[PDB]
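Novice: Fold the following, please.
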Amino acid sequence: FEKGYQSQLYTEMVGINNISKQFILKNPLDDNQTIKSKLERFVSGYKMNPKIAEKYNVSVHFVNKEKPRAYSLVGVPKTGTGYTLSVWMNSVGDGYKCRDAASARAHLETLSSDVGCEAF
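Specialist: Numbering: from 1, shown residues only. Let me share the structure:
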């Protein structure tokens, strides 16, 4: 069950990524400060399937505020719910299923024992 929920989260995040890329990143003339806050408003205000929104928070992250087109999305369970499985992904399209929220916030790419993420 929680695995099914992590799948739908994955699929929602892909949906969010695709709209971000095609409607926000694609704007020809917005400056990097504008792209960055638009990404942040859009992502943080987006309403996932209510089954999923009840259980997960989705956020967008930047290494470099001057390269906002390089961002990742982190999907993690709401605090205190007993859920652990998480997701993260690239603006470039590489996505990951993670065994815990920490590994999603760390954008890990492989598993080790039962910690980390795998390419999906």
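Novice: Break down this protein into its helices, ranges please.
Specialist: 2-19, 32-45, 50-53, 101-105 (DSSP state H).
Novice: Name whatever forms a beta bridge with the residue lying closest to residue 120 once chain neighbours are set aside.
Specialist: The shortest distance from residue 120 to any non-neighbouring residue, by Cβ to Cβ, 6 or more residues apart in numbering, is to residue 97 (4.8 Å). C-beta: built from backbone N, CA, C; applies to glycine. Beta-bridge partners for residue 97, by DSSP bridges, are residue 87, residue 118.
Novice: count of residues packed around residue 97?
Specialist: By the criterion of other Cβ atoms under 10 Å, residue 97 has 21 neighbours.
Novice: just residue 4 next, same as before
Specialist: Residue 4: 10 neighbours (other Cβ under 10 Å).
Novice: same deal with residue 88?
Specialist: Residues near residue 88, counting by other Cβ under 10 Å: 27.
Novice: How about the contacts made by it?
Specialist: Each residue near residue 88 by Cβ atoms under 8 Å, 6 or more residues apart in numbering is listed here: 72-75, 95-96, 98, 104-105, 107, 117.
Novice: mind checking how far residue 96 is from residue 77?
Specialist: 15 Å (Cβ to Cβ, to the nearest Å).
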